[PDB]
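Here the protein sequences come in this chain order: A and B. So the first sequence is numbered by the numbering used here: it starts at 1 and just counts up by one. So the second sequence is numbered by the numbering used here: it starts at 1001 and just counts up by one. We put the beta carbon where it would ideally sit given N, CA and C, even for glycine.
There are 2 protein chains.
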Amino acid sequence: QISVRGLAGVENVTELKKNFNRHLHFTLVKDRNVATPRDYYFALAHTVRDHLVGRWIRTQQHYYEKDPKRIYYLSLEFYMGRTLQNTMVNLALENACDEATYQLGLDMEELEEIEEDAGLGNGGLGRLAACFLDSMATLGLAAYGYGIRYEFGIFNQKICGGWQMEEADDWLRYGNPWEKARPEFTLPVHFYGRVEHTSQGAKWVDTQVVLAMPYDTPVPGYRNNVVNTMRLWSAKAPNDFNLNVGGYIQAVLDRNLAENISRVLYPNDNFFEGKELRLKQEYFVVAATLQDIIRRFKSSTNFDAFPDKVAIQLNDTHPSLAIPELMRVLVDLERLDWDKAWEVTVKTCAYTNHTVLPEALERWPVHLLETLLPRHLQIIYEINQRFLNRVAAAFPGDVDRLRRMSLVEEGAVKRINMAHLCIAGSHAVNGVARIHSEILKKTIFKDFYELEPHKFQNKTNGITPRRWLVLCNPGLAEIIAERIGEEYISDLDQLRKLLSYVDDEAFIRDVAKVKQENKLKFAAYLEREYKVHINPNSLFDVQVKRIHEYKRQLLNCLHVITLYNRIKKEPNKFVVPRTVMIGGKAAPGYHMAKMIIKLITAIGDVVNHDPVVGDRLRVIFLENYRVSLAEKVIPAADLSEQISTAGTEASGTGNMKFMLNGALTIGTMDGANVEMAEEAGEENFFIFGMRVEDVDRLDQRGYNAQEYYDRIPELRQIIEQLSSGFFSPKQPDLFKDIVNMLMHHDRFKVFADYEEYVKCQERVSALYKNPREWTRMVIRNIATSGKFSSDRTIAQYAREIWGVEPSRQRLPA
Amino acid sequence: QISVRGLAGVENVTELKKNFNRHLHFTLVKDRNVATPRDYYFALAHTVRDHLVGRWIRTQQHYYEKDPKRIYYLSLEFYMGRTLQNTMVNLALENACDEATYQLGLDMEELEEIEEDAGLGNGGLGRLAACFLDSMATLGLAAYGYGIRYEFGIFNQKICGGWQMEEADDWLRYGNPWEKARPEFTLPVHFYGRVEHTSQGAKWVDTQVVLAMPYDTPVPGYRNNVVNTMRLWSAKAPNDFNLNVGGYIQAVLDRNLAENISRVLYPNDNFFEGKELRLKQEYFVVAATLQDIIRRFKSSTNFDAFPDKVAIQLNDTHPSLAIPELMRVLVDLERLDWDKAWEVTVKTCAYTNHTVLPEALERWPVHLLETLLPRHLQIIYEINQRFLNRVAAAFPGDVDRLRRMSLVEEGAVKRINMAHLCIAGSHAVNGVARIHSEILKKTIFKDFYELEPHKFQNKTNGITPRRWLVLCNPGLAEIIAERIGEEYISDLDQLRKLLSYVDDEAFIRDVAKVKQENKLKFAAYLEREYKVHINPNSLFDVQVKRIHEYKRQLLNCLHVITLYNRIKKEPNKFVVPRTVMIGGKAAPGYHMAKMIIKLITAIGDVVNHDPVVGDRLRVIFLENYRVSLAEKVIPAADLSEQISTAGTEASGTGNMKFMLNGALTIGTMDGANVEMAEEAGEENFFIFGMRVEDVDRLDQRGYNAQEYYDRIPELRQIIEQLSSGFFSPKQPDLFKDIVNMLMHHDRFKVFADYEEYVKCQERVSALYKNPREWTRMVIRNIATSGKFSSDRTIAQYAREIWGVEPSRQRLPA
Ligand SMILES: OC[C@H]1O[C@@H](c2cc(O)c(Cl)cc2O)[C@H](O)[C@@H](O)[C@@H]1O
Ligand SMILES: OC[C@H]1O[C@@H](c2cc(O)c(Cl)cc2O)[C@H](O)[C@@H](O)[C@@H]1O
Ligand SMILES: OC[C@H]1O[C@@H](c2cc(O)cc(Cl)c2O)[C@H](O)[C@@H](O)[C@@H]1O
Ligand SMILES: OC[C@H]1O[C@@H](c2cc(O)cc(Cl)c2O)[C@H](O)[C@@H](O)[C@@H]1O
């Protein structure tokens, strides 16, 4: 049907059809009379997978023969989403499979909706890892993603009575056709025990053993025939584990204890929970990965060349134990001296920071590490002593600097600062957006920047234009390719050529048409799957992301209520119609976030059923926000809400997704928003609110929310409505905690940005009244979004951190 | 190479080779440079499996269209062993795959040794179910095996310092290519809760739900293109199971609790352990199976025809809850009246008893059933009341009969006698050998036989000649086929034609040659895999079976010691050389059985290292006895030890395996031994010891072991050796418990059969001195083993219990 989706050749379609029928018969053991739609999905999945294997084998054979420097990307999260459509896109199979299935009497889109998301991440950090894997394969890098194969990913969110309910994401229930178990590469991981010192150094003994079994998933590059590997570890008990009948039966049942390590993803985003099971997960991934790395390195004695052949990227502090584990292996097992081992470690490891929020920083209690990883604690202490000796020599007499920079934090409970460990043991440390990286050098890591300025870098985040344009928005990808060709898909900077079409009436009409089509289709989805009615002609105002106080869904709520109150005051006055969509998951233990979800639904209940409002304002909570839902709602959006308090969102990536898909942005100068506005031009962005400097000034003075309440009558009305029980008539005091936090304990200064936000929102509504100029501004956004391709980000990591040159050259098919 | 293994056609071998390479590439994602021998096994397994699927689909399509009466065989155990070779045998693919793999540079036998046993059973009862499935498919019966998919089967046995150590049988580690998960047929199973009474009968409410997910395994018939299904249930938690972060994480981890139901096989053979987890397993299999049965029946309202379309066979009392569960479904859910429901239940269900040992009888505490299955207890009480009302009318005034026949046993703890339940609710009750079935009518079920004589039947056990001749002993199958053709494989009675070859010198030589080849190969195995040296010219004296006091491995031990003592007394006297092999697993909590294993190894330690003995006597404990080991050792045996105390081994099946494979039998007149001796003629069997009547006479008098000790000097010497520490010099009192049990607490009268046993063993050694007459007696055994084919057994069940006619006709290929 459409050009960018590849060729549907006669020979190809015929071959796909016969292989589909083969899998249905031999693989699924069904025929067309008994087959369920899920059987049809699996038949297709297996058919597409067959096209990967040849390329997968020859890519790994290529790396063995050429022996390039290998990149190891260590992460506790890979938010992959669905794999079927992505694989077709990267292999140029989409139109062929579409034709083949059509001739078989099947609708491919319907089959695509059957695949479960691989939800092995919480949000931004997990999705970044997924985008990065795609870009690394597209840029021909010898890269491996290493993580944990969680049996249960991020929970499925159900809304009951306006409240979030969690249910287990049993994503492996029906099987996963994409993974390949590799039990032959099973490795032992050690826990607990004690340290013995001998003539030949230290020994870690009396340990409990857990097995790490790898599962490999192919990562295809974009039409370059490269297929890289994501290797995820699963926890397995050894067969003599804990080994009377009561005794025997119980010993077998106790195997669950060891295997619980890979059972479940911790569902916290941007929040540190110091639980032992989480620490076990962090060591488990690190210990198994490093053994696998060293094994592969030896199968090429001399560890001097290790940093020339290995790069390890630490995704946040979660895999920080890689540093003392590499030291442990090199010193204790390989018998290298400390200084040489440390040189290798530093040159091998690099660290990416993703946050400045104090509650998100990993600080593990010494007593935990003492019991679980006694040898690693000893290595950490020795690392600390030697590091502080350097600090003392560089800044003699500065005793407070020593205490500030220490990896060991003193107090009620002694803790290890994992961020401090990562800086000490890495040759590079980067933030994820220009303003974020500057904040790191100016504030939390200032002392470290003063000691080693060369170590500190910026790598602004990006998103993959394959999943986040071609896959989710084919209609937009097509109208673009009609004008400038297909080359932009792997060179997103080419979108700048679209600036010469900003006055082209044909193109303006096509951009607006594609958006309208996306909006209509998404409006149908909401009726079909959630029985909700929306006006497709209204402005689609959307904030989708995890529920957090810093992301200020509450500020959005205040604006929504303002619009409702202004309508009730002057009902017969014209307003630009809006559909306000807010979606996202709250961490199960985050009470305030759960209260915010309830508030949103409570507002919808009042607003959506007021006859006076009509279809001029609708408030909808998007249930179970996840990658597959993002792929639907993002192409349908007109307005992207990126309204975190300045200095709190390290980068954001959802912002970049909306920009690429034809939405305009209302946002603070926070994270990547600053660079987005710089690229598009500030006149083509709806910027409002305090800058980081203004937040700082307010904190020095003291933030007093009452001041805003006293001086803004519209704001006072909202607070009085919330307090009195307007949005909860049966439970008048339901929202007392929210009002209290806003009035007395608001770390994120919601009131302080309220006035500017509302006024900026008025400017949005005014522009939307003029479809032609709205669309022209949209075109200027899409055209300047090229910087935010993860291909650019990864090319920067490759050249400036890993010391490898990306390649766009095809491998033979 | 050999005829019975089928044709190796040019077109077939070429097709097998290309499909092998396809699977290696597309399925295993390997090439010939990286492939492990395990990859080669899996490539072959997948290749052979492909040939099953067409037949599997058309068999189940056939049953849908023809709608025959369906046989449901309910068992907690299916001891399947390996599947690859069995599948090749039944499909006539063995020579073709042998040729195909040879041309690929691979040894097929080596690949076959890589497959794990499916060890989902303990011994005789589990293996019987497996043999039965094979025969039901070979006889074209619409039959389904229903059980539990245990994650861990029977433990692997390791011998350390002469002691049994258990380790988890992680048989699914590498995956199981034979099974097909069917999550679409997932069914809910209820536990706990309470009973509410309404206007419309009783309701079972507030229950905990566990999901039952089926996995289907194909069961091929012998060259008839029939492929039946074994459906095994796996336990799964619902997604809202148990559904704060501590709270959230723990709730997910607690899913293990529900899923523990299918985790592990209880490793007791012939022994009742009244544990709650076992009760849950029994209900789980019953509840899911019955829903599946009724679903299939409705997909053909009127339950009058239910018994015409459904037969349920209960394998021992383990699935006895099928009776009250069928009543529950019919009465509570389908709203049938009690009397009509009961009529249907009785006509549907039949019960097979496998034991008379009191410790093996299932008697569940009322308090357990009250908490776990409150509605079923109510139904059981009502069944009991109505049954006892019939007893009271038939035998008026006989109050003690009422108490004896009651399903409810009074005492310290009230219990439900599950055997009594099964008789009441079944239209047929059978024992597993003629003497066993007579013992049932004369002793434990005498009252029930008096009430309903028509209900009681015999069905003598059998074994499948496919696995237990063609598969494990191709050389013997071939020399037989050369003389009488191939028809005997599915009509074992034809072996009688071999009686006309008992004086044929060519055949005599061939039978002896095949045995010698088997012995040599097995002697090599022991060196290669266990570093033990044996004389292949010695008599192979073997007792393989579970370790139990009733099976009297101890009596064997006494004979072994007697031979050793007689050699030490007259060293320069000639004796027929023997290799005594004893193997089998002990239940983990069975202390005495574990002591017997230690005794056997202790005897070996002394005997095997005495220079005076030389290679005239060797004692070897066969580690980890299981189906795959049985297939090796049984064809290599000369003498089969079947020496249980008369009246204790219900049938035995190992006995039949040895008879078919050219070993002579030394045995008591117990279980099937009686019928074996009757078939072959008593002169061709080495019978010794007390008959059942003699045991009874001894019990009436009082068994006094001291009498035998006082009157038999050879026996006295052995006991004094055991007591003084001759077989345990470092631990003189190690075997004190064994001596004590033998002297004071021997339920199985070991001493009473000692004299006759030793004298009978002398007659064996004498015959072995004359190879020609030994072999002629062997031929007379093999020739009369036809009765003990499970094809005969199943044909009898079909005609006399299930009311269906077996068929030998091919389905179209
Ligand atoms: O984003 C994944 C897919 O979503 C599809 C898609 C988008 C929607 O807005 C709705 Cl409501 C349903 C749907 O299947 C798109 O049609 C398809 O082009 C895209 O590839
Ligand atoms: O019983 C299974 C298989 O056992 C094989 C077999 C028998 C043995 O005694 C030993 Cl030691 C090893 C072995 O692989 C037989 O050669 C083969 O004919 C048979 O099919
Ligand atoms: O770098 C990817 C994203 O990581 C986010 C992020 C930071 C963090 O410490 C933990 C998690 Cl789970 C996470 O998603 C940042 O908040 C966001 O600014 C950034 O865009
Ligand atoms: O019927 C098969 C076999 O079942 C055996 C048997 C009986 C029983 O109650 C429980 C188990 Cl696990 C078992 O294997 C009998 O002991 C044996 O005589 C018989 O040959």
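Exercise for review: Just tell me which of B:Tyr1064, B:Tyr1564, B:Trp1233, B:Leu1052 has its CA closest to the CA of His1609 of chain B.
Suggested key: The sequence position of residue 1609 of chain B within the second sequence is 609, counting from 1. If we check each option's Cα against that of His1609 of chain B, B:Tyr1564 comes out closest.
Checklist entry - How is the alpha helix (DSSP H) around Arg716 of chain A delimited, first residue to last? => result Here the question's residue 716 of chain A lines up with position 716 in the first sequence. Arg716 of chain A -> alpha helix (DSSP H) spans 713–724.
Check your understanding: In chain order, what residues of the same chain lie with their CB nearer than 8 Å to the CB of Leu539 of chain A, ignoring the 5 residues before and after it?
Key -> Translated into the one-based positions of the first sequence, residue 539 of chain A becomes position 539. Only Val576, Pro577, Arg578, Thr579, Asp638, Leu639, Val764, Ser765, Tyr768 meet the Cβ criterion.
| message | Using the Cβ count rule (16 or more neighbours within 10 Å means buried), how would you classify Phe1574 of chain B? | response | Working through the second sequence from its first residue, we reach residue 1574 of chain B at position 574. Classification for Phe1574 of chain B: exposed.
Check your understanding: What residues in its chain sit with their C-beta under 6 Å from that of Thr775 of chain A, if we drop five residues either side in the sequence?
Key -> Sequence index remark: in the first sequence, residue 775 of chain A carries index 775 (1-based). Here the set comprises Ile508, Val511, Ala512.
Margin query: Within 8 Å of any Cβ in chain A, is that where the Cβ of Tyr1215 of chain B sits?
Written below: Taking the second sequence and counting its residues from 1, one reaches residue 1215 of chain B at position 215. No, its Cβ sits nowhere closer than 8 Å to a Cβ of chain A.
query: Taking the alpha-carbon positions, what's the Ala705 of chain A to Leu742 of chain A distance?
result: Within the first sequence, residue 705 of chain A is the residue found at index 705, counting from 1. Within the first sequence, residue 742 of chain A is the residue found at index 742, counting from 1. So the alpha carbons of these two residues sit roughly 7 Å apart.
Q: Rounded to whole angstroms, what's the CA-CA distance from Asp1670 of chain B to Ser1651 of chain B? Just pull it up for me.
A: Your numbering for residue 1670 of chain B matches position 670 in the second sequence. Your numbering for residue 1651 of chain B matches position 651 in the second sequence. In a straight line, the C-alpha of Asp1670 of chain B is about 7 Å away from that of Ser1651 of chain B.
Item checked: Nearest-angstrom Cα separation, counted from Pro635 of chain A out to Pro536 of chain A -> As a position in the first sequence, residue 536 of chain A is number 536, starting the count at 1. As a position in the first sequence, residue 635 of chain A is number 635, starting the count at 1. Taking the straight line joining both Cα atoms gives about 13 Å.
Rounded to whole angstroms, what's the CA-CA distance from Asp1504 of chain B to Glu1678 of chain B? Just pull it up for me.
Residue numbering aside, residue 1504 of chain B sits at position 504 when the second sequence is read from its first letter. Residue numbering aside, residue 1678 of chain B sits at position 678 when the second sequence is read from its first letter. Approximately 24 Å between the Cα atoms of the pair.
Give a single yes or no on whether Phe1522 of chain B has its beta carbon closer than 7 Å to a heavy atom of ligand 2.
-> Position 522 of the second sequence, counted from the start, is the residue given in the question as residue 1522 of chain B. Checking the Cβ of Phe1522 of chain B against ligand 2 gives yes.
message: Taking CB distances under 8 Å as the criterion, tell me whether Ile114 of chain A reaches chain B.
response: To locate residue 114 of chain A, count along the first sequence from 1; it is residue 114. No, no contact with chain B.
| field | Beta carbon proximity, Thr36 of chain A to chain B, threshold 8 Å | value | On the first sequence, residue 36 of chain A is found 36 positions in, with the first residue counted as 1. So, interface residue.
Once you ignore the five residues that flank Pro177 of chain A on each side, which residues in its own chain have a CB closer than 7 Å to its CB?
-> Position 177 of the first sequence holds residue 177 of chain A. Excluding residues within five positions, the ones whose Cβ falls inside 7 Å are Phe42, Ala45, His46, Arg49.
- [ ] Establish whether the CB of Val1252 of chain B and some CB of chain A are separated by less than 8 Å.
- [x] Start at 1 with the first residue of the second sequence, and residue 1252 of chain B comes out as number 252. Chain A contact via Cβ: present.
Checklist entry - What residue does the beta strand (DSSP E) around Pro1571 of chain B start on, and which one ends it? => result Mapped onto the second sequence, residue 1571 of chain B falls at position 571. No beta strand (DSSP E) contains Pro1571 of chain B, which DSSP labels as neither H nor E.
query: Hey, how far is the Cα of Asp541 of chain A from the Cα of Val619 of chain A?
result: Taking the first sequence and counting its residues from 1, one reaches residue 541 of chain A at position 541. Taking the first sequence and counting its residues from 1, one reaches residue 619 of chain A at position 619. Looking at the two C-alpha atoms, the distance is approximately 10 Å.
In the DSSP assignment, what are the bridge partners of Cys1349 of chain B? What you label residue 1349 of chain B is simply residue 349 of the second sequence in a count that begins at 1. Paired residue(s): B:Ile1312.
- Using CA coordinates, which residue listed in B:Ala1130, B:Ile1057, B:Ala1392 is at the minimum distance from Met1080 of chain B? Start at 1 with the first residue of the second sequence, and residue 1080 of chain B comes out as number 80. Residue B:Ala1130 is the option with its Cα nearest to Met1080 of chain B.
Q.
Please state the DSSP three-state secondary structure of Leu1093 of chain B.
A. Against the second sequence, residue 1093 of chain B aligns to sequence position 93. Coil.
(request) Please list the residues of the stretch 161–176 of chain A that have a C-beta atom closer than 8 Å to any C-beta atom in chain B, keeping them in chain order. (result) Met165, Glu166, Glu167, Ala168, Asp170, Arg173, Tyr174, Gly175
For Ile71 of chain A, the three-state DSSP class (helix, strand or coil): What you label residue 71 of chain A is simply residue 71 of the first sequence in a count that begins at 1. In the structure shown, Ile71 of chain A sits in a strand (DSSP, three-state: E or B).
Inset, instruction - Can you tell me the Cβ-Cβ gap for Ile1547 of chain B and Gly1604 of chain B, rounded? I've got them flagged as a contact below 8 Å. - result: For the purposes of this step, residue 1547 of chain B is taken as residue 547 along the second sequence, with counting starting at 1. For the purposes of this step, residue 1604 of chain B is taken as residue 604 along the second sequence, with counting starting at 1. 15 Å between Cβ atoms; not a contact.
ask   = Is the stretch 1218–1231 of chain B in contact with the stretch 1391–1410 of chain B, if contact means three or more CB pairs nearer than 8 Å?
value = no
Locate the beta strand (DSSP E) running through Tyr1144 of chain B, then write down its first and last residues. Taking the second sequence and counting its residues from 1, the one referred to as residue 1144 of chain B is at position 144. It spans 1143–1148 - the beta strand (DSSP E) in which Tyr1144 of chain B sits, taken as one unbroken run.
By DSSP's criteria, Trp233 of chain A is part of a beta bridge. Which residues make up the other side?
As a first step, residue 233 of chain A must be located in the first sequence, where it is residue number 233. Its beta-bridge partners are A:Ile148, A:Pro214.
Within 8 Å of any Cβ in chain A, is that where the Cβ of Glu1065 of chain B sits? For the purposes of this step, residue 1065 of chain B is taken as the residue at position 65 of the second sequence. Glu1065 of chain B does not count as touching chain A.
How close, in whole Å, do the beta carbons of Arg1626 of chain B and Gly1126 of chain B come, if the pair is a contact with beta carbons under 8 Å?
Looking up residue 1626 of chain B in the second sequence gives position 626. Looking up residue 1126 of chain B in the second sequence gives position 126. Not confirmed; about 11 Å, so no contact.
- prompt: So, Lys545 of chain A versus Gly654 of chain A, is the Cβ gap smaller than 8 Å?
  reply: What you label residue 545 of chain A is simply residue 545 of the first sequence in a count that begins at 1. What you label residue 654 of chain A is simply residue 654 of the first sequence in a count that begins at 1. Yes, the pair counts as a contact, with Cβ atoms nearer than the cut-off.
* Can you find a CB in chain C that lies within less than 8 Å of the CB of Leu1007 of chain B? -> Protein chains A and B are contained in the structure displayed, whereas chain C is not.
### Straight-line gap, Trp1163 of chain B to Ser426 of chain A (C-alpha atoms, nearest Å)
As a first step, residue 1163 of chain B is located in the second sequence; it is residue number 163 there, counting from the start. As a first step, residue 426 of chain A is located in the first sequence; it is residue number 426 there, counting from the start. So the two alpha carbons sit approximately 53 Å from each other.
- Task: Consult DSSP for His1745 of chain B and reduce its assignment to one of helix, strand or coil.
- Result: Stepping through the second sequence from its first residue, residue 1745 of chain B is reached at position 745. DSSP places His1745 of chain B in coil when its eight states are reduced to three.
- Query: To which residues of the same chain is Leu1451 of chain B closer than 7 Å at the C-beta, ignoring the five residues directly before and after it?
  - Reply: What you label residue 1451 of chain B is simply residue 451 of the second sequence in a count that begins at 1. Taken in chain order, the residues that qualify are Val1391, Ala1394.
So within the stretch 1481–1538 of chain B, which uninterrupted alpha helix (DSSP H) runs reach at least 4 residues, ignoring any that extend past its ends?
1505–1530
Going along the chain, which unbroken runs of the alpha helix (DSSP H) with 4 or more residues stay wholly within the stretch 364–396 of chain A? 366–372, 374–394
* Beta-bridge pairing of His1197 of chain B - partner residues as DSSP gives them -> Your numbering for residue 1197 of chain B matches position 197 in the second sequence. Paired residue(s): B:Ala1202.
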